[PDB]
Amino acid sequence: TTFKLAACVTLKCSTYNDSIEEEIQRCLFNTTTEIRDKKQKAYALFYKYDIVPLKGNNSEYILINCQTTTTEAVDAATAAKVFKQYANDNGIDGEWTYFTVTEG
């Protein structure tokens, strides 16, 4: 019983002026997890807080990129173990469901 996993990442792209949504493909994949992690680790250094809202200036949308892997296990429940290991090996550890990992 070759199981499947769904590693999902969330994002929200700034809509370009008069662009077909078929563009956002790029806008979607240019901003993967690693990029989000190093962007958070980089802004922290010169980060200053201000109450004044800058979020209400433009129009944009929210979307998700999910990828899927597969594995075969002789045992039913052992699969998850491997998954977790592999996640720690190459992926972010989101919340887990039955298999689905969500970071958002």
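The first residue of the shown sequence is 1; numbering continues from there.
A.B. asks: None, 1 to 3, 4 to 9, or 10 or more: how many residues of the deposited sequence lack coordinates between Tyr98 and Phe99?
C.D. replies: Unmodelled stretch: 4 to 9 residues.
A.B. asks: Please compare 18-26 with 5-13 and say which has the higher mean C-alpha temperature factor in the record.
C.D. replies: In the deposited entry, the stretch with the higher C-alpha B-factor mean is 18-26.
A.B. asks: If you average the CA temperature factors over each stretch, which comes out higher, 62-70 or 27-35?
C.D. replies: Taking the mean B-factor of the alpha carbons in each, 27-35 is higher.
A.B. asks: Considering every modelled residue of the chain and its Cα B-factor in the PDB entry, is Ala44 in the lowest, middle or highest third?
C.D. replies: Its C-alpha B-factor, which the entry lists for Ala44, ranks in the lowest third among residues of this chain.
A.B. asks: Would you mind ranking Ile51 by its C-alpha B-factor against the rest of the chain and naming the third, lowest, middle or highest?
C.D. replies: For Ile51, whose C-alpha B-factor we compare with every modelled residue in the chain, the answer is the lowest third.
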